[PDB]
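>>> experimental coordinates for this protein are included below, preceded by the sequence.
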Amino acid sequence: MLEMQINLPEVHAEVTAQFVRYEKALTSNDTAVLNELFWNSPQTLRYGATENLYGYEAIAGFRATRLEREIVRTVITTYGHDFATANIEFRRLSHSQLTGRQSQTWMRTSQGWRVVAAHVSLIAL
Amino acid sequence: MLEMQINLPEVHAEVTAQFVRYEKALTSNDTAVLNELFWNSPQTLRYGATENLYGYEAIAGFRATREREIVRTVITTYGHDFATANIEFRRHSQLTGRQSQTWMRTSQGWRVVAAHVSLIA
């Protein structure tokens, strides 16, 4: 019945708050929170702007070696109690001619909401 | 517990079959199937290699105006009703493509609720 439980209000606001935590950690390079919010599994993956990383271990390892931006559109959708997508467009003044996209899928784990897969890319429109 | 229901094999096989359908439709430009497999909702979105499309209507409208080798595939299912599918692909020898999808079990079957495609060096 997931399609008749879209954007439930407690669920939608919870995922929103975690997304905001993620975005603030990204712009301050708070790697501990960036890692905290990724699902600790070998299945977790991140297709980043410059590389592809498979598994939590690879992602967390990358974060240790790797900033401000404006979000211009956001769609956060929740499906039932335990799953969600968060999609944003963004821009940086450093690269005026490009538009960034970031997609995340989130799952309610027994330690909270975590990102299970993410993809980031910048394109010219 | 959802964490203890990763890649259940019945569920994983369902999602995999639809993903295969999607890939064959993409390579034959079978737009009917490509649209059939996207969630028919205004929330559905596709960040494509060259444009951003919001809502099923925009996506299906784009498909009406529009070969590759898959090099790595990860399909993961969570419980009975949700899944992700991620692939790397190549066609342009200097670039590697990524395609990410999230799938949900709807009352008409498994559908893609969001997707992102991009190519990098």
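Good, I have the coordinates. Residues are numbered from 1 along each chain as shown, chains lettered A, B, ... in the order given.

>>> chain A: strands as residue ranges?
Ranges of strands within chain A are A:45-47, A:52-54, A:70-79, A:83-92, A:95-109, A:112-123, based on DSSP state E.

>>> closest point of chain A to chain B, which residue?
Per C-beta to the nearest C-beta, the residue of chain A with the smallest distance to chain B is residue A:121, at 3.3 Å. Every C-beta, even on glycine, is put in place using the N, C-alpha and C of the backbone.

>>> so what's residue A:68 closest to, chain neighbours aside?
Leaving aside its chain neighbours, residue A:68 sits nearest to residue A:27 (5.5 Å; criterion: C-beta to C-beta, 6 or more residues apart in numbering or on different chains).

>>> what does residue A:121 give?
In space, residue A:121 is closest to residue B:118, 3.3 Å off (C-beta to C-beta, 6+ apart).

>>> next up, the contacts around that neighbour.
Applying C-beta atoms under 8 Å, 6 or more residues apart in numbering or on different chains to residue B:118 gives the contacts A:47, A:101, A:119, A:121, A:123, B:47, B:49, B:97, B:98.

>>> phi, psi of residue A:82?
phi -130, psi 0 (degrees, to the nearest 10).

>>> just list whatever residues bridge to residue A:53.
residue A:46 (DSSP bridges).

>>> give me the longest helix you can find in chain A.
helix A:9-28 (DSSP state H).

>>> distance from that helix to the middle of the chain?
The chain centre lies 9 Å from the centre of helix A:9-28; the measure is C-alpha atoms, centre = their mean, to the nearest Å.

>>> next, the angle from it to strand A:95-109.
Here helix A:9-28 runs at an angle of 130 degrees relative to strand A:95-109 (axes from the mean of the first three to the mean of the last three C-alpha atoms, to 10 degrees).
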